[PDB]
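A single chain comes next, written as structure tokens; it is the form deposited in one PDB entry.
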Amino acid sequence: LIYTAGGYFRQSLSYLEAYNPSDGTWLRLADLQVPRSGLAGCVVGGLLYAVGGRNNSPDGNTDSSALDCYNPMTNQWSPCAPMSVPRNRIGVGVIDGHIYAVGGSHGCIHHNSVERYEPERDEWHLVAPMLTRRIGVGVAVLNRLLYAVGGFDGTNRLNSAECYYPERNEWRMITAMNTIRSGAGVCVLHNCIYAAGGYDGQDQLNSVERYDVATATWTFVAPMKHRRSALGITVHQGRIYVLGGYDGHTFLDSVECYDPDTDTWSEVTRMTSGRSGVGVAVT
């Protein structure tokens, strides 16, 4: 099932909920220990991890270096070692069972730094920094290479993407997206890096485009029905789901589903309550 952790609606949230695309219904689980928005989620060894973010509350706005791990058959969170720095609006990806933490912000500092986590050793380690400072960065893994896509460097929203090679611990710029996207949902479906929605400094976006590594080309596909940034994104049974986000007016509860065979989006469910800035992963 598709798990959503954290989010924002008037304050950062602690919710953990699971949607099942078969039954159409939602299941409510254990709260995060600390509320977080702007976090990322991923799954390693079947366990779901919540990475970075910020606790935006009536009493504070503290950026998060936390890493916490949740177990689906214990329904228990337990803390792991924290990162070198707080990273709000972080991106994450998984290569070889290891979590890479990319970019994000701490106050007015916009990180280009990156670090890697080891679940069997509960250790963070710093790797090579990106070429670009990127908050609201989208991250994807394809052929075991790590891609950092879009974001905001503090002045400009970005259409650039760059690629990390783990045996070359070096960053390489690639072909830019057609669209500037901060806070897009970025995932891999088929064997393309998809970038959906986001914010370009003027409008929240409903357009979607995908990267083919062999031809180094980005191509548009069908747009979502409603513009959205700070969406959670995941792939389930060969299909993309986008969860919530902010459309410039409303915190959406809409969940849209992209069918790649038809190049069609459909509204499939409502989240229990509208929210943005979640971490999503499937297990």
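Just count from 1 along the sequence shown to find any residue number.
Beyond what is shown, the protein has a form solved in complex with a partner chain; the following relates to that form.
S.K.: Please identify the residue among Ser65, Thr234, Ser254, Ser37 with any heavy atom within 4.5 Å of the partner chain in the deposited bound form.
M.R.: Contact residue from the list: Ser37.
S.K.: May I ask you to choose, among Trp77, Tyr199, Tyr117, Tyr147, the residue with a heavy atom within 4.5 Å of the partner chain in the deposited bound form?
M.R.: Contact residue from the list: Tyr199.
S.K.: Heavy atoms within 4.5 Å of the partner chain in the deposited bound form: does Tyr3 have any?
M.R.: Output for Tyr3 is no: heavy atoms all beyond 4.5 Å of the partner chain.
S.K.: Does the partner chain come within 4.5 Å of any heavy atom of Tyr246 in the deposited bound form?
M.R.: Because a heavy atom of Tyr246 falls inside 4.5 Å of the partner chain in the deposited bound form, the answer is yes.
S.K.: Residue-level question: is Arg157 within 4.5 Å of the partner chain in the deposited bound form, judged on heavy atoms?
M.R.: Result yes; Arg157 sits at the interface with the partner chain in the deposited bound form.
S.K.: Can you tell me whether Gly136 touches the partner chain? I mean in the deposited bound form, with a 4.5 angstroms heavy atom cut-off.
M.R.: Within the cut-off, so yes.
S.K.: Taking the partner as it appears in the deposited bound form, which of 175-183, 96-104, 188-196, 69-77 has residues with heavy atoms within 4.5 Å of the partner chain?
M.R.: In short, 175-183.
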